[PDB]
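**Q** Just dropping this structure here.
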Amino acid sequence: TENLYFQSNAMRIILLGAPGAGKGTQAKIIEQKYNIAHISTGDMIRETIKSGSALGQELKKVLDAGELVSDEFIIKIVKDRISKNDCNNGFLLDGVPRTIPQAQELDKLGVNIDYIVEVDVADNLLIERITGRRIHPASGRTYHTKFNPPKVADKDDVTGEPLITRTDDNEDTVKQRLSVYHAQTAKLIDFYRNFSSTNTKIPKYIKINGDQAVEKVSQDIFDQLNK
Amino acid sequence: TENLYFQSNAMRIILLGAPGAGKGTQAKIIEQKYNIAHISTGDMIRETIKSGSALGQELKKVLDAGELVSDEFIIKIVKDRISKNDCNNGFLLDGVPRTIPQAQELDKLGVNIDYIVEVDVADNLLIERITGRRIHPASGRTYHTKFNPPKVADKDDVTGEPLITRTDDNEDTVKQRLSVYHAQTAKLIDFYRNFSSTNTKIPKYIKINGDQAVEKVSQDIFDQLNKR
Ligand SMILES: [Ca+2]
């Protein structure tokens, strides 16, 4: 009569969204409401390197040789990450699959995905969100030329020392990385749109208007998952 | 009983450790093993603001005013955070309570803390771990004078531009923060050891040798958490 924990159906999500779209905020919100693991690649890699595990030893080897992480290998890391107890209820993938071979390896590794949730925000707004970023390098204090401006243009509020724009946040780099995002993503969705497998299920594709209040973006997402 | 299981008691942990002690790494590890939420003050504050919540709105105004979040307000923020579904199985508090009034406020709320876990590392090692940090500002590429050196001193590997030390990574500041942490931590331990509260329980204090391999530090922690 104390056996009253019911394991509900797994909620397993691939989250997609451009640099600047604010998908990281939605991921935390989903994680906290549905009680599933937010798995982001950046975190997963660093934690793996720190672990001292064989997986981590092999990864640290690769990265010290200059070679980039293979698709088969990053998905092997994912499979391990999702074997953990905090993934009992499902998970949210944030950063993988980034390519067709990654998605194929997930299928072959037997990882089922229920939803693909894409937070869509207009290119121009995305552009402005990245390119406006400033930083005071010595302290790391952040500003944004539109969303969080300094008292005096291009100067740190505390010290008066000049701000800089990070190298990657220049307009041309943003637009180029933006383009490869949209192309890499469009191929991923059409892959999943024409998904045909005997090892895993066909995920439901969901496209969210991310140009609304945060609480509204969240509800639109919630409404879709429940449908 | 068809796919029904025993409702276990939630585990609630206060995690303590000085800057550079690696507490952040162990928190993630504990989170993943025990399926409890890792709540760090920094993230909690950023999230609450970005939420559009009424509480989040007030918090953003306090901070936009350049004011400090009071002891009472930070616990109100903790109260909202731990009401979420990912906290039903328990949580690990990281960065709160830092003061006695936070611990008292936490206690008035009815939060029962099962364990205090202190990841202890010698001061000489802590200081070294912070002071040897260097960054290339334009890229954000980071290095460590000992643990991950650049190929040429004070120079970024990729571009060759100079590296800097962040201002708070200076030895004078590092020592000062170390001294504060140890003092506040002593007070905290003392508070919970002499715990004579009517509303919440007496936590089990666990001190951990954090100067070991990550996997060994975790297993020591598990060992203590798993004791009957
Ligand atoms: Ca959980």
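**Q** Nearest 20 debye, what's the magnitude of the dipole of region A:122-188 about its Cα centre given +1 on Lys and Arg Cβ and -1 on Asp and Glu Cβ? Intermediate results must be reported in sequence, preceding the final value.
**A** Working: 11 positive and 10 negative charges, 38 e Å.
For this selection, approximately 180 debye.
**Q** Taking the beta-carbon count within 10 Å as an exposure proxy, list B:78, A:117, A:214 from fewest neighbours to most.
**A** Numbers: B:78 22, A:117 25, A:214 18.
Lowest count first: A:214, B:78, A:117.
**Q** Placing +1 on the Cβ of each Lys and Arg and -1 on the Cβ of each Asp and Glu in region A:110-227, which of A:150, A:206, A:130 has its Cα farthest towards the positive end of the resulting dipole?
**A** Value: A:206.
**Q** So for the protein assembly as shown, taking the charge dipole from beta-carbon charges (+1 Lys/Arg, -1 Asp/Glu), which of A:8, B:66, B:29 sits furthest toward the positive end?
**A** A:8
**Q** Checking the cross-link filter: which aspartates and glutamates have an alpha carbon closer than 20 Å to that of residue A:151, excluding same-chain neighbours under 8 positions apart?
**A** A:128, A:161, B:64, B:67
**Q** Next up: Just the projected area, averaged over all directions, of the convex hull on the alpha carbon atoms of chain A: how many nm²?
**A** One quarter of the hull surface, i.e. the mean projection, equals 16.6 nm².
**Q** Taking region B:85-169, which trypsin sites (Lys or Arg not before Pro) meet the DSSP loop condition and have no more than 11 other C-beta atoms within 10 Å?
**A** On the way: sites: B:98, B:108, B:129, B:133, B:134, B:141, B:146, B:151, B:155, B:166; in loops: B:98, B:146, B:151, B:166.
Those that pass, being in a loop and sparsely packed, are B:146, B:151.
**Q** Using +1 on the beta carbon of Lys and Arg, -1 on that of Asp and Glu, and nothing else charged, what's the dipole of the protein assembly as shown about the Cα centre, debye to 20? Don't skip to the answer; put the middle values down first.
**A** On the way: 63 positive and 64 negative charges, 97 e Å.
The dipole of the protein assembly as shown has a size of about 460 debye.
**Q** Something else about it: Output needed for region A:138-227: three equivalent-ellipsoid semi-axes, defined as square roots of 5 times the C-alpha gyration tensor eigenvalues, in descending order, whole Å.
**A** Working: eigenvalues 315, 75, 23 Å².
So the three semi-axes of region A:138-227 are 40, 19, 11 Å.
**Q** Suppose we flag chymotrypsin sites (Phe, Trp or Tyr not before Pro) only when DSSP calls them loop and at most 16 other Cβ atoms lie within 10 Å. Which is the longest uninterrupted stretch of chain B? Mind showing how you got there, number by number?
**A** Details: sites that count: B:147, B:195.
With a cap of 16 other Cβ atoms within 10 Å, the longest stretch comes to B:1-146.
**Q** As a check on your grasp of the helix formula, calculate [θ] at 222 nm for chain A: sum -39500 (n - 2.57) over DSSP H runs of n ≥ 4, divide by the residue count, round to the nearest 500.
**A** On the way: 8 runs with 100 residues, N = 227.
Helix-only estimate at 222 nm: -14000 deg cm²/dmol.
**Q** Let me ask another. Could you work out the longest stretch of chain A that avoids the GluC sites (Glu not before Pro) located in DSSP loops with at most 15 other Cβ atoms within 10 Å?
**A** Values: sites that count: A:2, A:67.
That gives A:68-227 as the longest site-free run.
**Q** Additional query: Report the Stokes-Einstein translational diffusion coefficient (µm² s⁻¹, integer) for the protein assembly as shown, Rh taken as the Kirkwood radius over Cα pairs, at 20 °C with viscosity 1.002 mPa s. Walk me through the numbers before you get to the answer.
**A** Details: Rh = 24.2 Å.
D = 88 µm²/s.
**Q** Taking the Cα centre of chain A as origin and charging only Cβ (+1 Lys, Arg; -1 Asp, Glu), how large is the dipole, in debye to the nearest 20? Let's see the in-between values first.
**A** On the way: 31 positive and 32 negative charges, 35 e Å.
Dipole magnitude for chain A comes out near 160 debye.
**Q** Something else about it: Using θ = phi - 60° and the Karplus curve 6.51 cos²θ - 1.76 cosθ + 1.60, what whole-Hz ³J(HN,Hα) does each residue of region B:89-103 get, with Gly and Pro shown as x?
**A** So the Karplus estimates, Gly and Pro as x, are 8, x, 6, 10, 8, 9, x, 9, x, 9, 10, 4, x, 5, 5 Hz.
**Q** When the convex hull of the C-alpha atoms of region A:57-130 is computed, what volume per residue in Å³ does it have?
**A** Working: hull volume 11.1 nm³, N = 74.
Normalising the Cα hull of region A:57-130 by residue number yields 150 Å³.
**Q** Ok, one more. So what is the relative contact order for chain B, in percent, with contacts set as C-alpha pairs under 8 Å and at least six apart? Can you show the working numbers first?
**A** Numbers: 292 pairs, mean separation 60.8, N = 228.
Over chain B, the number comes to 27 percent.
**Q** In addition: Between region A:33-68 and region B:165-200, how many Å separate their Cα centres?
**A** Distance between centres, Cα-based: 31 Å.
Every number in this text was worked out from the coordinates using simple rules, so none of it is lab data. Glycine gets a Cβ as well: all are built from the backbone with ideal geometry, and neighbour counts include every protein chain shown.
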